[PDB]
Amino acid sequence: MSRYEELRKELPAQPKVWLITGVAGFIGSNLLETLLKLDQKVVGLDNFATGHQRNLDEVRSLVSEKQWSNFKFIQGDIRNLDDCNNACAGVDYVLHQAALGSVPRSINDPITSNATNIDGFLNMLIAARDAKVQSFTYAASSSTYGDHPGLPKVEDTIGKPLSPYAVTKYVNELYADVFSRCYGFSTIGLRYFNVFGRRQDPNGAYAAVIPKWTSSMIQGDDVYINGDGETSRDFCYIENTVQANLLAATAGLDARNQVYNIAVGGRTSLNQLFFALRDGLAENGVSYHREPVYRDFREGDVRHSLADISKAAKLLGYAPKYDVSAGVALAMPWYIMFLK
């Protein structure tokens, strides 16, 4: 039994109050589903900028009526200090996921990304701190590694940001560290590495590669590969990311004011992904015979990204049990039902 498995068993016995910002988004709604199923009490904050009411509706259809009543939802904005203080009222653990992802988005509109990702992040720290919360866990990013080529990726060795988005995610780490030095408010930042799974928005022009591609194959549209397709990623199935969050939310002091890489330590080239998704969809009765259409590399894009999760395994007892294949197998059916 891993530390998470035992935690899964302990939580329902000693229920706590959790706060999930960006609860209507991909990662947020998944965290919600898991916590409500662990009979925890959850408060959610979201403004629907990129999240959806359907994500909340889907969760309700997946959890028991009782567990769903343990959920309090607040339609607010983390850029509004009032909404933050409100969402942190009497909360035990904060899981901050509210943000505006997508490098391309931040590049053609750095101001809008800055407002939520940095101002909003800072408001949450103050509100969480002032609410005397027990723990604060926030979504960081592997983009912080920037240009630095070296592999695997180690937490202490980072490169220079390659985009506005990357800057904001790195600033979340900076402010987190300072709040620890100046107020003794320790946090735990999780550097996610390409998370995927159910409820990750396939629509919009900034959709992630997996949702975008899976959606396109089901619809029979062309699939675009930015570059030669040799670009590699450490795709982390949602379930592994959920584990890290709960783990960080309840870690010992020795593990606080620390940032961790959250992935599986695997390497998947975009070319492998194309076939993984296509074959995965084929097992579900979806035929796709189109070849991938290769176009130019995308700006502010990283070449390779492999994570060393030994720090997370060692200090948090993080033990991911889902490789890309398992995740893809679990995800594909969902998208087919979503697009039907």
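Numbers follow the displayed sequence, beginning with 1.
Set 185-193 against 148-156 and average the Cα temperature factors; 148-156 ends up higher. Looking at 79-87 and 157-165 together, the entry lists the larger mean B-factor for 157-165, computed on C-alpha atoms. Between the residues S29, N284, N47, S61, the entry's highest C-alpha temperature factor is the one at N284. In the PDB entry, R256 places in the highest third of its chain by CA B-factor. The entry lists a Cα temperature factor for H96 that places it in the lowest third of the chain's modelled residues. Among all modelled residues in its chain, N70 ranks in the middle third by Cα B-factor. In the PDB entry, a CA B factor belonging to the lowest third of its chain's modelled residues is recorded for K37. Sorting the modelled residues of the chain by their CA temperature factor places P110 in the middle third.
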